[PDB]
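Have a look at the structure below, then the notes.
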Amino acid sequence: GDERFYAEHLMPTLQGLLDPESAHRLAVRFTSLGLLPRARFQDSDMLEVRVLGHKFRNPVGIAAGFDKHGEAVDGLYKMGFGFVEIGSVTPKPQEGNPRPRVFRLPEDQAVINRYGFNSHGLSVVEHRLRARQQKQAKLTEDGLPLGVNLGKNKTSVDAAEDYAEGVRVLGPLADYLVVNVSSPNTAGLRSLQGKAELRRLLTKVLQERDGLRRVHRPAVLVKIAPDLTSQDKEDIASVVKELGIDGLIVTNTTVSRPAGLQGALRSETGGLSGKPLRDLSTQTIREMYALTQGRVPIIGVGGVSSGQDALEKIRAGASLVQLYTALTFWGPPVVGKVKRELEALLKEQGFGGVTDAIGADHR
Ligand SMILES: Cc1cc2nc3c(=O)[nH]c(=O)nc-3n(C[C@H](O)[C@H](O)[C@H](O)COP(=O)(O)O)c2cc1C
Ligand SMILES: COC(=O)/C(C#N)=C1\SCC(=O)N1c1ccccc1F
Ligand SMILES: O=C(O)c1cc(=O)[nH]c(=O)[nH]1
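Numbering (the working numbering), first residue to last: 127 to 489.
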């Protein structure tokens, strides 16, 4: 009922009336106030996952970017996400790029963005999270954890120090932290995925994390691009093993423009998300799982809009999945839709639960 009305009526109307940045701001506001269908799907036990030091009631999370500044956390749980990731947050506030900076490709079920880390900054977000810190502590205990994704300011003269500052300020408020070294929209950032740069950066990040007190000590994940060479992937895996990085987020948006895109806006500069990214991301997950011998948890992201897409990533090696762009097209009912379909497919394929399907294609 709801899935059809949103997909066929509400979302096309919002899109017809509002440019995508305005529509996103409205969405953040509505979600922050809880103006959502409170989701009727009740998570079954087959969807629970234990990973990263935590219980996850379901494996479907909201990807970084939708709640950049931590304004809508509780609304996102209400929407039925198993986990929420906020950010990217940068140390100092910054505006990001000039508008327009986000573009719909509806013929492709895709988006292109070049926000450039618009961020309220660490201090603002610190105080927003602290206002609900114990409400989160209870949510985390009940199987609903919180991730915090860290970025770098545009004019920073020392990237590693930007990340270290994020660890110190928001680490104590997060169940996991993400070192985002894969935005395509900050000059030079993606060079931090290079072996020597990444080793130096992550050694500093881990030292800062390990300095936090035990109950305030988050897991640390690295978020990587879908456009890496084979050498780059191998190098990342090696570093993740050498340093004991807790996990990987696979993938960010692509700077590629796959053949076949139809949208008028396909040649706009920025990272591409949604359906055209899906299988490039799945493949990246598959490679990274193999390279790390299945011993490094992966959160899989890029083009998930169905239960089949979720399960493909899980079977490829993801322990958890995230989505963003599917919301622009299908709206909030897509969350329940993914979960219901995933549970149905797990049963059909003879898995006892999600946990049994992680990496199943490799076996
Ligand atoms: C508008 C927009 C903004 C985003 N901003 C961030 C970000 O601040 N940090 C980050 O790590 N990823 C960011 N992402 C990437 C998403 O987290 C995700 O990796 C990507 O969009 C693929 O998932 P999807 O196809 O489900 O949207 C952003 C994506 C979009 C569409
Ligand atoms: C005029 O805008 C709305 O009616 C929205 C929005 N945005 C509504 S009504 C119920 C609902 O869920 N949303 C919504 C919330 C977040 C994302 C997309 C949405 F359509
Ligand atoms: O702020 C952005 O431009 C953003 C950051 C990121 O990591 N990924 C992305 O697609 N956009």
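C-beta: ideal position from N, C-alpha, C; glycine also.
- Take the alpha-carbon of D301 and the one of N275: they are about 11 Å apart.
- Given a length threshold of 3 residues, each whole run of the beta strand (DSSP E) inside the segment 190-228 is given here in chain order: 209-215.
- Between the segment 412-424 and the segment 379-397, the count of Cβ pairs shorter than 8 Å is below three; the stretches do not touch.
- Two segments are said to touch when three or more pairs of C-beta atoms, one from each, lie closer than 8 Å; by this definition the segment 182-190 does not touch the segment 226-242.
- At least one heavy atom of ligand 3 is found less than 7 Å from the C-beta of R240.
- Within the DSSP secondary-structure output, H180 pairs in a beta bridge with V177.
- Among the bridge pairs identified by DSSP, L374 is matched with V348 and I424.
- The C-beta distance from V461 to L472 rounds to 17 Å, too long to fall under 8 Å, and the pair is not in contact.
- Under the DSSP assignment, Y415 falls in the alpha helix (DSSP H) whose first and last residues are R404 to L417.
- Taking all protein chains shown into account, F131 has fewer than 16 neighbouring C-beta atoms within 10 Å of its C-beta and is therefore exposed.
- By the C-beta density criterion, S214 is buried, having at least 16 other C-beta atoms within 10 angstroms.
- Per the DSSP secondary-structure output, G400 pairs in a beta bridge with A236.
- In this model, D200 and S308 are separated by some 27 Å (Cα to Cα).
- Inclusion of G400 in the 7 Å shell around ligand 1 follows from its C-beta lying nearer than that to a non-hydrogen atom of the ligand.
- A contact between stretches requires three or more CB pairs, one per stretch, nearer than 8 Å, and the segment 130-145 meets this requirement with the segment 452-468.
- Measuring C-alpha to C-alpha distances from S431 to each of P344, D353, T281 and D405 identifies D405 as the nearest.
- Burial is judged here by how many other beta carbons sit within 10 angstroms of a residue's own beta carbon; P310 has at least 16 and is buried.
- The alpha-carbon separation between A436 and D487 amounts to approximately 14 Å.
- Remark: the C-beta of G397 is in contact range of ligand 3, defined as less than 7 Å to any heavy atom.
- Runs of the alpha helix (DSSP H) lying entirely within the segment 288-352, each at least 4 residues long, are 321-336 in chain order.
- With fewer than 16 other Cβ atoms from the protein chains shown falling within 10 Å of its own Cβ, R151 counts as exposed.
- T380 sits in a strand when the DSSP states are folded into three classes.
- A Cβ-Cβ separation of about 3 Å places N244 in contact with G222 under the 8 Å criterion.
- Contact between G373 and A351 does not hold, since their C-beta atoms are separated by about 16 Å, which reaches or exceeds 8 Å.
- Counting C-beta atoms within 10 angstroms of its own C-beta, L231 has 16 or more neighbours from the protein chains shown and is therefore classed as buried.
- Rounded to the nearest angstrom, the gap between the Cα atoms of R326 and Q409 is 27 Å.
- The beta carbons of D288 and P217 sit closer together than 8 Å.
- If you check the C-beta of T451 against ligand 2, you find no heavy atom less than 7 Å away.
- Residue burial annotation: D361 is buried, with at least 16 other C-beta atoms found within 10 angstroms of its C-beta.
- Set against 7 Å, the gap from the CB of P146 to the closest heavy atom of ligand 2 is not smaller.
- The residues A285 and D288, in chain order, have a CB closer than 6 Å to that of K278 in the same chain once the five nearest residues on each side in sequence are set aside.
- Of all alpha-carbon atoms in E438, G400, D482 and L144, the one lying nearest the alpha-carbon of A452 is that of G400.
- Using a 10 angstroms sphere on the CB of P226, the tally of other CB atoms stays under 16, which defines it as exposed.
- Exclusion of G196 from the 7 Å shell around ligand 1 follows from its C-beta lying no nearer than that to any non-hydrogen atom of the ligand.
- Bounds of the beta strand (DSSP E) holding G187 are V186 to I188.
- Of the residues assessed, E267 falls on the exposed side of the cut-off, its CB having fewer than 16 other CB atoms within 10 angstroms.
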